[PDB]
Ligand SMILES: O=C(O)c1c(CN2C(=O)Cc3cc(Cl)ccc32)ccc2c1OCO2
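Presented below, as structure tokens, is a lone chain in the form deposited without this ligand.
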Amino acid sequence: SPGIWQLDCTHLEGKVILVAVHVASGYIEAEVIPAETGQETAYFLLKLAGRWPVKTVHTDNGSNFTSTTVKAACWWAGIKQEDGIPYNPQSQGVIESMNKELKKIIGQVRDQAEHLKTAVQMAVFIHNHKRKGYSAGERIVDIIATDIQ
């Protein structure tokens, strides 16, 4: 549970926002990319896993599941690459809601930056700091520290 992340891909302004969610806390990392390729996905995972103790990644689609580049990054970084099949139906619902919330935040900050990637990082910041009482940022840290002890 402390090591489980879910990948998520959403679209805005003709671009792709690649998101990783720490399932147990709702904490996110995200980046803007021109298109979701194996290489972009692989590079994003490598960044993520150098930053948090990533044990398991549920990939966002079959192409990223299949991709040899993605498997090579998961190999490199010690990540168990898994499918994203929503055996629990509440999963699709949580991600859809997260995408809608993120796009809403992006629209609130959109005039505060020329480039979408700036607005996306502003959105990541607001999302992770939002007290819902703890924030997602507080929850990930507490979950992982408890696991270390």
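From 1 onward, residues are counted along the sequence shown.
> How much of the deposited sequence is absent from the coordinates between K132 and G133: none, 1 to 3, 4 to 9, or 10 or more residues?
Replying inline: The entry has a gap there, with 4 to 9 residues left out between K132 and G133.
> Per the PDB record, is the mean Cα temperature factor higher over 55-63 or over 92-100?
Replying inline: Taking the mean C-alpha B-factor of 92-100 and of 55-63, the larger value falls to 92-100.
> Per the PDB record, is the mean Cα temperature factor higher over 81-89 or over 34-42?
Replying inline: For C-alpha atoms only, the mean B-factor is higher in 81-89.
> Would the CA B-factor of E114 place it in the lowest, middle or highest third of its chain?
Replying inline: Middle third by C-alpha B-factor.
> What third of its chain, lowest, middle or highest, does the C-alpha temperature factor of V23 fall into?
Replying inline: It falls in the middle third of the chain.
> Taking the entry's C-alpha B-factors for this chain, is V16 in the lowest, middle or highest third?
Replying inline: As the PDB entry reports it, the C-alpha B-factor of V16 lands in the middle third of its chain.
The form solved in complex with this ligand is left out here; the points below concern that form.
> If you drop this ligand in as it sits in the deposited complex, superposing on the site C-alphas, does this form leave room, or do 3+ ligand atoms land within 2.4 Å of backbone or C-beta atoms?
Replying inline: Here the answer is open - the superposed ligand has no atom within 2.4 Å of any backbone or C-beta atom.
> Though only this chain appears here, would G26 touch this ligand in the deposited complex if you measure heavy atom gaps against 4.5 Å?
Replying inline: Output for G26 is yes: heavy atoms within 4.5 Å of this ligand.
>> Taking any heavy atom pair closer than or equal to 4.5 Å as contact, tell me whether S97 reaches this ligand in the deposited complex.
In response: Contact with this ligand, yes.
>> Even though the partner isn't displayed, in the deposited complex is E101 close enough to this ligand, meaning a heavy atom within 4.5 Å?
In response: Result yes; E101 sits at the interface with this ligand in the deposited complex.
>> Do any residues of 1-18 have a non-hydrogen atom within 4.5 angstroms of this ligand in the deposited complex? If so, which ones, in sequence order?
In response: Counting only heavy atoms within 4.5 Å of this ligand in the deposited complex, the single contacting residue of 1-18 is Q6.
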